[PDB]
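For reference, the structure discussed in these notes is given below.
Heavy-atom basis, side chains included; hydrogens, waters and symmetry copies ignored. Numbering of residues begins at 1 and proceeds along the displayed sequence.
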Amino acid sequence: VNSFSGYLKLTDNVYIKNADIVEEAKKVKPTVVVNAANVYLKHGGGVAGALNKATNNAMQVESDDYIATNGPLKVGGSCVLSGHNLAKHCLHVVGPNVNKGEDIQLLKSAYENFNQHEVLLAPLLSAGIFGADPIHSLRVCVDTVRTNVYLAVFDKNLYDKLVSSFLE
Ligand SMILES: CC(C)[C@H](Nc1ncnc2[nH]c(-c3cnn(C)c3C#N)cc12)c1ccc2c(c1)NC(=O)CO2
């Protein structure tokens with residue numbers, strides 16, 4: 001149904017909210033929820049672990065079957081799979097992990113995957129333990145994505161910092 005509510009409008013197509021992406025998926029029933037994935041789709045921590053646990057491991061079982069037959073994704077790439085009980089589809093997107101020395105330049109390619117979907121509920125790519133500067137990740141999102149993106153950032157201080165920085 002895509003019933004998003006309580007978001008701050010940053011640009012004509014980018015919205016942000018201080019919220020857990022899992023709770024937003026349950027409330028919104030979006031057509032697409034984005035997972036902040038790794039190349040072998042191992043959903044142990046961060047956003048991926050939170051989405052997988054909310055599907056009672058159904059996401060991991062599906063992802064393991066996909067990987068066994070197709071092999072790993074590339075950094076900056078994506079994969080559409082079932083959204084299970086959270087969404088119609090899950091778009092698994094691999095942002096670069098700069099704490100593991102991956103190229104930050106690939107974050108544009110990661111967000112470019114969103115342009116295949118009219119509307120998406122998504123997290124901030126490459127932020128948290130992936131190590132990118134969260135203000136830079138929001139700028140790449142705004143400059144790259146042309147479709148409607150609703151960003152859920154589950155940290156009040158980080159949310160207030162991104163909004164404040166964007167309004168400068
Ligand atoms: C920047 C953070 C605010 C963001 N985290 C989140 N953002 C939005 N909804 C969230 N729910 C939870 C949650 C819910 N339950 N649990 C046990 C967790 C956890 N962990 C976490 C979460 C974040 C964390 C790690 C990341 C990425 C983004 N991006 C990447 O590319 C990979 O690494």
Side-chain angles (χ1 to χ4, degrees), residues 13-14 16 19-26 28 30-155 158 162:
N13 69 299
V14 178
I16 192 167
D20 173 6
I21 194 174
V22 174
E23 290 299 315
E24 285 297 299
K26 293 178 184 183
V28 169
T31 300
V32 181
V33 65
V34 174
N35 180 28
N38 51 55
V39 299
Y40 286 86
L41 302 182
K42 308 304 195 191
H43 312 306
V47 165
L51 292 169
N52 179 56
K53 177 171 167 206
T55 74
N56 289 75
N57 211 50
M59 176 180 286
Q60 191 65 69
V61 172
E62 180 195 27
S63 296
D64 289 341
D65 172 79
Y66 169 83
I67 291 292
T69 302
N70 303 92
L73 291 177
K74 288 165 64 153
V75 177
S78 71
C79 188
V80 168
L81 293 172
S82 179
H84 301 283
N85 54 299
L86 294 179
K88 184 174 195 195
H89 308 293
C90 178
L91 175 70
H92 299 267
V93 177
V94 182
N97 182 335
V98 312
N99 286 332
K100 293 215 200 177
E102 296 175 351
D103 193 352
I104 191 54
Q105 283 199 280
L106 288 174
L107 187 54
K108 180 170 75 172
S109 186
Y111 277 114
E112 293 247 25
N113 295 290
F114 291 26
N115 282 330
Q116 313 195 351
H117 299 280
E118 289 185 19
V119 52
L120 307 93
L121 169 58
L124 196 64
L125 296 179
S126 291
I129 204 170
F130 271 36
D133 185 327
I135 294 171
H136 175 63
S137 181
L138 179 59
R139 291 187 187 133
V140 175
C141 183
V142 166
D143 288 350
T144 304
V145 183
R146 302 175 307 261
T147 57
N148 293 324
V149 52
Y150 291 84
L151 292 168
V153 172
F154 192 33
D155 187 296
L158 177 57
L162 291 165

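Legend: residues meeting side-chain hydrogen bond (donor to acceptor under 3.5 Å, both in side chains) with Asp64, ordered by chain and number and at least two apart, are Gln60. Annotation: side-chain hydrogen bond (donor to acceptor under 3.5 Å, both in side chains) contacts of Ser82 (sequence neighbours excluded): none. Every side chain to side chain contact (heavy atoms under 4.5 Å, CB included) that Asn13 has, sequence neighbours left out, goes to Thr11, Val145, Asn148. In terms of the salt bridge (charged side-chain N to carboxylate O under 4.0 Å, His left out) criterion, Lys88 has no residue partners (sequence neighbours excluded). Residues satisfying the side chain to side chain contact (heavy atoms under 4.5 Å, CB included) criterion with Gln116, sequence neighbours excluded, are absent altogether. For the side chain to side chain contact (heavy atoms under 4.5 Å, CB included) test, residues two or more places apart in sequence or in another chain that qualify with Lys100 are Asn97. With sequence neighbours left out, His84 forms a side-chain hydrogen bond (donor to acceptor under 3.5 Å, both in side chains) with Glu62. Every residue two or more places apart in sequence or in another chain was checked for a side-chain hydrogen bond (donor to acceptor under 3.5 Å, both in side chains) with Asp155, and none qualifies. Remark: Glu23 engages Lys26 in a salt bridge (charged side-chain N to carboxylate O under 4.0 Å, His left out) (not counting sequence neighbours).
If you take SG on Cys90 and CG on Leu51, they are separated by 6.0 Å, rounding to the nearest 0.5 Å. With rounding to the nearest 0.5 angstrom, the CD1 atom of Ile104 is 8.5 Å from the CG atom of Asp133. We find the CG-OG1 distance between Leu121 and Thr31 to be 10.5 Å, quoted to the nearest 0.5 Å. Between atom CZ of residue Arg139 and atom CG of residue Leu162 there is a gap of 10.0 Å, rounded to the nearest 0.5 Å. Separating the CG atom in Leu86 from the CE atom in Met59 is a distance of 6.0 Å, to the nearest 0.5 Å. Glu118 CD to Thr147 OG1: the interatomic distance, rounded to the nearest 0.5 Å, is 9.0 Å.
Residues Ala132 and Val98 come closest through the heavy atom pair N-CG2, 3.6 Å. Between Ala48 and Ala36 the shortest heavy-atom distance is CB-O, 4.0 Å. Minimum interatomic distance between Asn85 and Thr55 (heavy atoms only, all atoms of both residues): OD1-CA, 3.3 Å. Listed here is the closest heavy atom pair of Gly131 and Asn99: CA-ND2, 3.4 Å. Closest approach of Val47 and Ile21 over heavy atoms only: CG1-CG2, 4.1 Å. Residue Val22 comes nearest to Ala54 through the heavy atom pair CG1-CB, 3.5 Å, listed as atom of the first residue, atom of the second, then distance.
You'll find the side chain of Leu120 stays beyond 4.5 Å of the side chain of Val33, heavy atoms only. When side chains are defined from C-beta on, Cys141 counts as touching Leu151, because their heavy atoms get closer than 4.5 Å.
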Atom pairs and distances, donor-acceptor, side-chain atoms in residues 67-77, under 3.5 Å, two or more places apart:
none

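Side chain of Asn57 to main chain of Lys53: no donor-acceptor pair is present (N/O by atom type, distance under 3.5 Å, no hydrogens or angles). The closest donor-acceptor contact from the side chain of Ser126 to the backbone of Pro96 lies under 3.5 Å. Not a single donor-acceptor pair under 3.5 Å links the side chain of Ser63 to the backbone N or O of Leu41. Between the side chain of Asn52 and the main chain of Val61, no donor-acceptor pair closer than 3.5 Å is present. Between the side chain of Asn35 and the backbone N or O of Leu91, no donor-acceptor pair lies under 3.5 Å.
Applying the ring-ring contact (aromatic ring centres under 6.0 Å, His included) test to pairs two or more places apart or on separate chains, those with a residue in residues 41-68 are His43-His92. The ring-ring contact (aromatic ring centres under 6.0 Å, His included) contacts involving residues 101-146 comprise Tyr111-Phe114, where partners must be two or more places apart or lie in separate chains.
Checking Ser109, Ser78, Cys79, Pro123 one by one against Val93, the side chain to side chain contact (heavy atoms under 4.5 Å, CB included) holds for a single residue, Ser78.
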